[PDB]
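> The structure that follows is given in the form of structure tokens.
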Amino acid sequence: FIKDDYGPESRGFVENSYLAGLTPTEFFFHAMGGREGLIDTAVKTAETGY
Amino acid sequence: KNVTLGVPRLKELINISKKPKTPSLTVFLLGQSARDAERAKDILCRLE
Amino acid sequence: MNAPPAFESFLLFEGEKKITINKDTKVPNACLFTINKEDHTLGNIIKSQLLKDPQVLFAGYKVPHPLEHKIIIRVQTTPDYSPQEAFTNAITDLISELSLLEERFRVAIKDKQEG
Amino acid sequence: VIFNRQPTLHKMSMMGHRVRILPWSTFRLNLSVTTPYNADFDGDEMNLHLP
DNA sequence: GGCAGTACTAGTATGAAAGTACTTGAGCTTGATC
RNA sequence: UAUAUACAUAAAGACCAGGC
DNA sequence: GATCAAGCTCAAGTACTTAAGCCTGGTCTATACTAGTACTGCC
Ligand SMILES: [Mg+2]
């Protein structure tokens, strides 16, 4: 992407559905949004248990 | 207005920590300053 | 290490009766058959032969659990027709069907070869 | 038997059961019972304490 | 043939926590004395 | 003929990997 | 009436205690220094 692109594609909006398949970058951003799910689930359990 | 919720807010109430991440105070207005936005912004300037 | 023997499905050991007949107290003329070491092959034939008998009000089977091999067949007939008679006529009627099918399949073979 | 799964978050995660003995190697339990223990069947394990 | 020195082996000796509570130091106020 | 061979030992700790 | 000293309170800095539950596997566990004993070489 070009510097200072605030458009929907550059900032992570994925316009494809799992069926048509994600394009390369949308695959990476989709992986960045899923890492935040894995991390929370690993962190919160040890706090909710203490 | 971003406030803390979920488990991070639960440690605050339980531990009764002196300094919460997000202290907040809701304020209600009595007279005509409640209905009018202009009369309200006046009190708004007095609290800030 | 706990896997049951393969033969344990179709073989009876000492003391197990093949069939066990217990009357059913909920209902008049209702009987409940218990067949050890059988499965849906045998149970389904009979049920479907009992429902042709117009003097049979109810017939059905179930395998209580798949890991233990037995069938449980409830039969309810009309008065003055015994549910043990219903279940015997069912078995003799299949034998008279399957003996007719094995003879008709042998004729179609000889016809089929060189004919 | 009493029957457990860790961690025990509330008290529905220890409930007394009534044994029935079946072959092969795994404890077997009704599917409605998988709501309290919060256990789905993929490689899970559950303790058994015989009073 | 015996004694001394050196080497080897065996045993013994030693960045990317956070928060709360307590203690110490400094500053301010009051009292006493000149 | 009688009588006898009865159970104990694999330490503990450290880090590492995985499971739910 | 003013100045100095003492006492009390407040704020800041430093130190001490905790960070999920159960379970299965594996690999690996001192080194260095000193003292004593044995063997070899030389007188
Ligand atoms: Mg699971």
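Going through the structure tokens in order, the chains are called A, B, and so on, while each chain numbers its residues from 1 and the ligands are numbered from 1 in the order shown.
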Enumerate the residues of chain C with a DSSP assignment of helix (DSSP H, G or I), computed from the backbone, and present them as a count of residues only.
44
> Please identify all protein, DNA and RNA residues within 10 Å of ligand 1, counting only C-alpha atoms (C1' of nucleotides) and all ligand atoms, and report them as a list in words.
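Taking only C-alpha atoms (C1' of nucleotides) and all ligand atoms into account, the residues around ligand 1 at most 10 Å away are residues 38, 39, 40, 41, 42, 43, 44 and 45 of chain D; 19 and 20 of chain F.
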> For the residues in the current selection, export N, CA, C and O atoms (P, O5', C5', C4', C3', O3' and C1' of nucleotides) as a PDB file, in the first residue's frame.

ATOM      1  N   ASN D  38     -18.947 -28.148  30.713  1.00  0.00           N
ATOM      2  CA  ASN D  38     -18.289 -27.381  29.672  1.00  0.00           C
ATOM      3  C   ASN D  38     -17.239 -28.236  28.977  1.00  0.00           C
ATOM      4  O   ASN D  38     -16.068 -27.874  28.893  1.00  0.00           O
ATOM      5  N   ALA D  39     -17.661 -29.405  28.511  1.00  0.00           N
ATOM      6  CA  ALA D  39     -16.754 -30.350  27.883  1.00  0.00           C
ATOM      7  C   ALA D  39     -17.325 -30.838  26.569  1.00  0.00           C
ATOM      8  O   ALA D  39     -18.399 -31.440  26.535  1.00  0.00           O
ATOM      9  N   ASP D  40     -16.576 -30.618  25.508  1.00  0.00           N
ATOM     10  CA  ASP D  40     -16.849 -31.155  24.196  1.00  0.00           C
ATOM     11  C   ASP D  40     -15.932 -32.336  24.006  1.00  0.00           C
ATOM     12  O   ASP D  40     -14.889 -32.431  24.651  1.00  0.00           O
ATOM     13  N   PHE D  41     -16.337 -33.273  23.167  1.00  0.00           N
ATOM     14  CA  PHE D  41     -15.507 -34.448  22.998  1.00  0.00           C
ATOM     15  C   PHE D  41     -14.520 -34.183  21.866  1.00  0.00           C
ATOM     16  O   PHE D  41     -14.763 -34.466  20.698  1.00  0.00           O
ATOM     17  N   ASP D  42     -13.355 -33.692  22.243  1.00  0.00           N
ATOM     18  CA  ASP D  42     -12.134 -33.826  21.473  1.00  0.00           C
ATOM     19  C   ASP D  42     -11.022 -33.984  22.497  1.00  0.00           C
ATOM     20  O   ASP D  42     -10.627 -33.018  23.124  1.00  0.00           O
ATOM     21  N   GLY D  43     -10.504 -35.187  22.646  1.00  0.00           N
ATOM     22  CA  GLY D  43      -9.450 -35.416  23.605  1.00  0.00           C
ATOM     23  C   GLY D  43      -9.679 -34.970  25.037  1.00  0.00           C
ATOM     24  O   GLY D  43      -8.693 -34.791  25.747  1.00  0.00           O
ATOM     25  N   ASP D  44     -10.905 -34.763  25.496  1.00  0.00           N
ATOM     26  CA  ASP D  44     -11.053 -34.355  26.887  1.00  0.00           C
ATOM     27  C   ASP D  44     -10.822 -35.521  27.829  1.00  0.00           C
ATOM     28  O   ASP D  44     -10.779 -36.678  27.418  1.00  0.00           O
ATOM     29  N   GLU D  45     -10.630 -35.201  29.109  1.00  0.00           N
ATOM     30  CA  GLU D  45     -10.569 -36.214  30.154  1.00  0.00           C
ATOM     31  C   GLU D  45     -11.323 -35.752  31.390  1.00  0.00           C
ATOM     32  O   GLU D  45     -11.411 -34.557  31.662  1.00  0.00           O
TER      33      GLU D  45
ATOM     34  P     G F  19      -0.950 -28.875  22.013  1.00  0.00           P
ATOM     35  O5'   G F  19      -1.724 -29.844  22.999  1.00  0.00           O
ATOM     36  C5'   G F  19      -2.109 -31.142  22.585  1.00  0.00           C
ATOM     37  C4'   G F  19      -2.791 -31.882  23.700  1.00  0.00           C
ATOM     38  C3'   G F  19      -4.078 -31.270  24.205  1.00  0.00           C
ATOM     39  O3'   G F  19      -5.196 -31.547  23.384  1.00  0.00           O
ATOM     40  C1'   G F  19      -2.719 -31.824  26.033  1.00  0.00           C
ATOM     41  P     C F  20      -6.121 -30.338  22.877  1.00  0.00           P
ATOM     42  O5'   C F  20      -7.122 -30.083  24.076  1.00  0.00           O
ATOM     43  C5'   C F  20      -7.925 -31.125  24.590  1.00  0.00           C
ATOM     44  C4'   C F  20      -8.571 -30.708  25.880  1.00  0.00           C
ATOM     45  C3'   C F  20      -9.231 -29.347  25.864  1.00  0.00           C
ATOM     46  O3'   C F  20     -10.529 -29.383  25.299  1.00  0.00           O
ATOM     47  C1'   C F  20      -7.918 -29.581  27.820  1.00  0.00           C
TER      48        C F  20
END
> Tell me as a ChimeraX atom specification which residues belonging to chain B come within 12 Å of chain A, counting only C-alpha atoms.
/B:6-11,14
> For chain A, which residues have at least one atom within 12 Å of chain D, if we go by only C-alpha atoms? Write them as a VMD selection string, please.
chain A and resid 45 to 46 48 to 50
> Up to 12 Å from chain B, what residues of chain E turn up? Count only C-alpha atoms (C1' of nucleotides) and give them as an MDAnalysis selection string.
chainID E and resid 18:20
> Write a file of the just-selected residues containing N, CA, C and O atoms (P, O5', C5', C4', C3', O3' and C1' of nucleotides), as an mmCIF file, in the first residue's frame.

data_model
loop_
_atom_site.group_PDB
_atom_site.id
_atom_site.type_symbol
_atom_site.label_atom_id
_atom_site.label_comp_id
_atom_site.auth_asym_id
_atom_site.auth_seq_id
_atom_site.Cartn_x
_atom_site.Cartn_y
_atom_site.Cartn_z
ATOM 1 P P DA E 18 3.615 -3.131 34.983
ATOM 2 O "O5'" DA E 18 2.330 -2.969 35.910
ATOM 3 C "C5'" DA E 18 1.492 -4.087 36.176
ATOM 4 C "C4'" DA E 18 0.900 -4.000 37.572
ATOM 5 C "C3'" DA E 18 0.817 -2.591 38.149
ATOM 6 O "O3'" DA E 18 -0.268 -2.523 39.032
ATOM 7 C "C1'" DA E 18 2.099 -3.842 39.569
ATOM 8 P P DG E 19 -0.983 -1.118 39.308
ATOM 9 O "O5'" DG E 19 -1.615 -1.358 40.747
ATOM 10 C "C5'" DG E 19 -1.752 -2.688 41.236
ATOM 11 C "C4'" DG E 19 -1.579 -2.749 42.732
ATOM 12 C "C3'" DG E 19 -1.850 -1.448 43.466
ATOM 13 O "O3'" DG E 19 -2.305 -1.738 44.747
ATOM 14 C "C1'" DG E 19 0.309 -2.086 43.907
ATOM 15 P P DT E 20 -3.433 -0.849 45.444
ATOM 16 O "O5'" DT E 20 -3.198 -1.243 46.965
ATOM 17 C "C5'" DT E 20 -2.673 -2.543 47.267
ATOM 18 C "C4'" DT E 20 -1.784 -2.528 48.491
ATOM 19 C "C3'" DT E 20 -2.049 -1.385 49.445
ATOM 20 O "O3'" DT E 20 -1.728 -1.770 50.738
ATOM 21 C "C1'" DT E 20 0.152 -1.286 48.767
#
> Please compute the CA of residue 39 in chain A-CA of residue 16 in chain A distance, one decimal, in Å.
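If I compute the distance from CA of residue 39 in chain A to CA of residue 16 in chain A, I get 25.0 Å.
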> For residue 4 in chain B, please output as a list in words all residues within 10 Å (counting only C-alpha atoms (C1' of nucleotides); exclusion window: fewer than 5 positions along the same chain).
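Counting only the stated atoms, we get residues 9, 10, 12, 20, 21, 22 and 23 of chain B.
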> Can you spit out the residues from that selection as a PDB file, in the first residue's frame, using C-alpha atoms?

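Wrote it out as part-v5.pdb, contents follow:
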ATOM      1  CA  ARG B   9     -12.939  -3.707  35.968  1.00  0.00           C
ATOM      2  CA  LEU B  10     -13.608  -6.640  38.277  1.00  0.00           C
ATOM      3  CA  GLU B  12     -10.898  -2.823  40.713  1.00  0.00           C
ATOM      4  CA  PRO B  20      -9.008   3.080  38.942  1.00  0.00           C
ATOM      5  CA  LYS B  21      -7.951   3.253  35.329  1.00  0.00           C
ATOM      6  CA  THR B  22     -11.170   5.045  34.361  1.00  0.00           C
ATOM      7  CA  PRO B  23     -12.763   7.009  37.196  1.00  0.00           C
TER       8      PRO B  23
END
> Set the cut-off to 9 Å and count only C-alpha atoms (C1' of nucleotides): what are the residues of chain G that reach chain A? Output as a PyMOL selection string.
chain G and resi 19-21
> Mind dumping the selected residues with C-alpha atoms (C1' of nucleotides) as a tab-separated table (two decimals), in the first residue's frame?

chain	number	residue	atom	x	y	z
G	19	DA	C1'	0.75	-13.86	39.54
G	20	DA	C1'	-4.91	-21.21	36.60
G	21	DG	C1'	-6.79	-25.92	37.08
> List every residue of chain D that DSSP, applied to the backbone of this structure, assigns to strand (DSSP E or B), and report them as a VMD selection string.
chain D and resid 2 to 4 14 to 16 47 to 49
